[PDB]
Each structure stands twice: as C-alpha cells, then as structure tokens.
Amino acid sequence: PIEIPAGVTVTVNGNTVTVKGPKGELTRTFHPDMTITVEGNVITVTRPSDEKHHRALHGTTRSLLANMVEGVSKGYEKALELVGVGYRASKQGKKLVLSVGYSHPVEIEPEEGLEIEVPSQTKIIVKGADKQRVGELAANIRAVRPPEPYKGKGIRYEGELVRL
C-alpha cells in the first residue's frame, strides 16, 4: 500500500483519484481493471488476477500513485540560470519577466498548478506537483533564448554543460 502522509487528502471515485496536499492537487484516472481503495491511512491497489499483464499493471498503478503522493507533499522543481551581461529575471505578479537581449522583455505566466520563483536575478525555479508539467514549462522558458555557442549566453538548465 501507499502511505498517506500528513496534510494529504486522497479521494477515490471509481477509476479517478484526487490527491491534495501543501504543494498542490492532482487528479488522475487509472486502468479500469485496477481497484484503488483508501484503507484508513494507506492507499491499496488490488488487481483482478495473477496473470502477467495485471501484475505489470499493478506495479505501474502503484508507482503513479506514489509519485502523485510525493508531488503534493514534497513537490518537484527544476532550476534554470541566466548567463549574459544585462540578462535578468524578475517577478511581476504571477508573471516571470525576462530581459534576455531582445528589444523588449519576455513575460511568461505559469498555468494553473505551476509556480515560478526568482530568488536572484539570474536564477529561475519552476515548481509544482506534476513532475512532467514542471519539466515542460522549464523547457519552454529555456527555449525563449537557449545558450549560444560562442559565449554561452542565454538561458540554460542549472547544471547544463555548455562548453563555449
């Protein structure tokens, strides 16, 4: 079973599961053949048979739930860094404002369930409960102005190896 940490509320309705927590809320549907139940303090997954496809479905369903529980409790994040003189980021409302060498700034507003933090003018942190959506928004930010080959200016992931 999956342990429901504190602060986390799990709701099951047929094949749709909703998990809420301090870091966010996520709703997910699972394979019909799988039975999901909140057994007091733990989430249990019961497969219909012992054939292989079910055994595989069972472990796959279990993992997804575990990660849904990890996301709203612990949350996920991806950091990016700005490299280049005059290149800076700031937070104006829910919006990320980027000054990356164009005539005017680029403003990005995260969708629902996503946050963007700017702890220093050259560091951007994207966070949320869905690891995928976090990965996707950070790739979209970097894509505004990826690192150029001669000097490495642009936006790069925090540990991005971009040798000039």
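The numbering used is simple: start at 1 and walk along the sequence shown.
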Test of understanding: from the entry's C-alpha B-factors, which stretch has the higher mean, 93 to 101 or 48 to 56?
48 to 56
Comparing 60 to 68 with 132 to 140, the higher average Cα temperature factor in the PDB entry belongs to 60 to 68
Which of these, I125, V106, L26, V42, has its C-alpha atom at the highest B-factor, as the entry lists it?
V42
Per the entry's values, where does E111 land by CA temperature factor relative to the rest of its chain, in the lowest, middle or highest third?
highest
For the chain shown, is the CA B-factor of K78 in the lowest, middle or highest third of its modelled residues?
lowest
Lowest, middle or highest third of the chain for the C-alpha temperature factor of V38?
highest
Hey, what third does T18 fall into on Cα B-factor, ranked over its chain?
lowest
Would you mind ranking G152 by its C-alpha B-factor against the rest of the chain and naming the third, lowest, middle or highest?
highest
